[PDB]
Each structure stands twice: as C-alpha cells, then as structure tokens.
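Read the numbers this way: they start at 1 and go in the same order the structure lists the ligands and their atoms. All residue numbers refer to positions in the sequence shown, counting from 1.
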Amino acid sequence: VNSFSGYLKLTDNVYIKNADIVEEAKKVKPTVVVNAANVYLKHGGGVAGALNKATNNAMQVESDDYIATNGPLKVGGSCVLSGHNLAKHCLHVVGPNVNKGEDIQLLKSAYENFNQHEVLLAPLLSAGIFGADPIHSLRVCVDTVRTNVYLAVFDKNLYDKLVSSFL
Ligand SMILES: Nc1ccc(C(=O)O[C@H]2c3ccccc3C[C@@H]2C(=O)O)c(O)c1
C-alpha cells in the first residue's frame, strides 16, 4: 500500500490522475518526483520551472552546482538530486524536445530511467511544451516502465482524452 489517492488504473503498474504535479508532490511527499528536465537543468518553464518555483529556487541552485561539476546530461538520461520540500528525491529526466528538433525515439530511453525507482510521481515526458503527442508518451510509458508510476496530467481536457483513447 502507498499514499497516492484518486488515481485511475491503466495497467498493473501505471496509474493516472488530472493534477498539478507540483501541488500533488506537496500533498504526498513521494519518495521520487520526476522533473521534465533539459540537459542543462535550466528550470525555466513547464514542470521544471514550476517545481523549481515551489522550492523557492533551491532546486536551481542545487542544479547549477551539479552542472558545474558534471556537465550536461544526455537527452534520454537522468540524474537524482534532492526533492527539497516536495519529495525525498527529484529524478531529473531529459526527454527529447520536439520543438528543439530532438529524436522522439529517445523517449523510450528516457522512460527507462524510471525503472531504477520502485515508485514515482511523474509527468508525461516529451509532451506539453516539449512538443510530442501525450497519447504517444503515455503508450511509451506503459510499454517501458515496469515500476509503479503515478502520472499527473495538468490539463483536464487532455486527461479525459488520454483516458478515453487508452488501449
Ligand atoms: N504547476 C505546473 C505543473 C505542470 C506544468 C507543465 O507544463 O506540465 C506539462 C509538461 C511540461 C514539460 C514537459 C512535459 C509536460 C507534461 C505536463 C502536463 O501537461 O501534464 C506547468 O506548466 C505548471
């Protein structure tokens, strides 16, 4: 048993909800919240900017120190950093950004990072302002992640479309 509530059941291990992921993280304080990061960990907008804002910019301060030491991530890669006031850990995962012209095939590699964690609260990688079709991202998630993933979809109208079209 875990503390996630009101999620629809898509598969044995994938659950989904219409929620603001920042507000969800605050309530649950999950072991792992996934950030939809870029390779520079520059948390300007989207999930990244919103989580970062909720940490009072402490996520960005930590991230800049990480990059100064380690250099950028790979598209498809990840790093584990603090979850600050939102979660124990934040898994920063870089999905391909279609609006930057990155290869959507890398989405599966991005979701494979989730398998290193038993339970996660996460967004649909590469969707939203990253430019991919959320229906596709959800399909790749279900077909790649084997650990227990609790997906938050910010937009109610898209959430209903994702549920109604899910095979
Ligand atoms: N408080 C919040 C929470 C989330 C977002 C957001 O953009 O998230 C979308 C986002 C952003 C970037 C990549 C993928 C996704 C999917 C996610 C969604 O639409 O579910 C926001 O701007 C403010």
Side-chain angles (χ1 to χ4, degrees), residues 4-10 14-30 32-60 63 72-79 81 83-87 89-114 117 120-145 148-166:
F4 288 103
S5 175
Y7 284 77
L8 263 196
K9 187 173 182 63
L10 297 192
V14 180
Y15 284 75
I16 196 164
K17 184 175 183 185
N18 169 213
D20 166 355
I21 194 172
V22 176
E23 285 321 302
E24 192 76 1
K26 288 206 275 191
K27 168 177 90 74
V28 175
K29 292 288 247 68
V32 179
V33 66
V34 173
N35 182 29
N38 58 54
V39 297
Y40 306 111
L41 303 179
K42 283 177 50 103
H43 310 304
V47 172
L51 289 170
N52 177 57
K53 180 176 172 186
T55 75
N56 183 42
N57 209 54
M59 178 178 282
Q60 190 65 66
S63 293
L73 294 182
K74 298 172 179 178
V75 179
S78 69
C79 66
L81 289 175
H84 300 277
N85 51 313
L86 301 177
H89 302 108
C90 179
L91 181 69
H92 295 272
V93 180
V94 184
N97 188 323
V98 177
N99 298 325
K100 297 177 177 173
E102 296 168 351
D103 171 20
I104 197 55
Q105 293 303 128
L106 290 167
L107 187 52
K108 187 170 182 76
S109 299
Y111 275 117
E112 289 171 341
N113 294 287
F114 288 27
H117 303 277
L120 315 88
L121 171 60
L124 288 172
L125 292 178
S126 300
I129 60 174
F130 276 54
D133 183 354
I135 296 174
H136 176 63
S137 182
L138 176 55
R139 187 76 254 167
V140 178
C141 181
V142 156
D143 292 342
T144 304
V145 181
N148 294 140
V149 56
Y150 290 84
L151 293 168
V153 180
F154 186 92
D155 191 85
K156 173 47 137 139
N157 297 147
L158 174 64
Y159 172 78
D160 288 347
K161 176 192 188 113
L162 288 163
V163 169
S164 290
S165 64
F166 183 72

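In this model, a donor atom of one side chain and an acceptor atom of the other lie less than 3.5 Å apart for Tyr15 and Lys9.
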Which atom pairs, donor and acceptor, lie under 3.5 Å between side-chain atoms of residues 45-54 and protein residues at least two apart or in another chain?
residue : atom : partner : partner atom : Å
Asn52   : OD1  : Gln60   : N            : 2.9
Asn52   : ND2  : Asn57   : OD1          : 2.9

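For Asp160, the side chain to side chain donor-acceptor pair (under 3.5 Å) partners are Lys156, not counting sequence neighbours.
Using a 4.5 Å heavy-atom cutoff, the side chains of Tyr40 and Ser63 are not in contact.
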Ligand 1 N/O to protein N/O, distances under 3.5 Å:
residue  : atom   : partner : partner atom : Å
ligand 1 : 1 (N)  : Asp20   : OD1          : 3.0
ligand 1 : 20 (O) : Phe154  : N            : 2.8

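Around the NZ atom of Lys42, the shell of radius 6.0 Å holds no more than 12 heavy atoms that belong to other residues, nucleotides or ligands.
Pairs engaging residues 125-142 under the salt bridge (charged side-chain N to carboxylate O under 4.0 Å, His left out) rule: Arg139-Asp143 [sequence neighbours left out].
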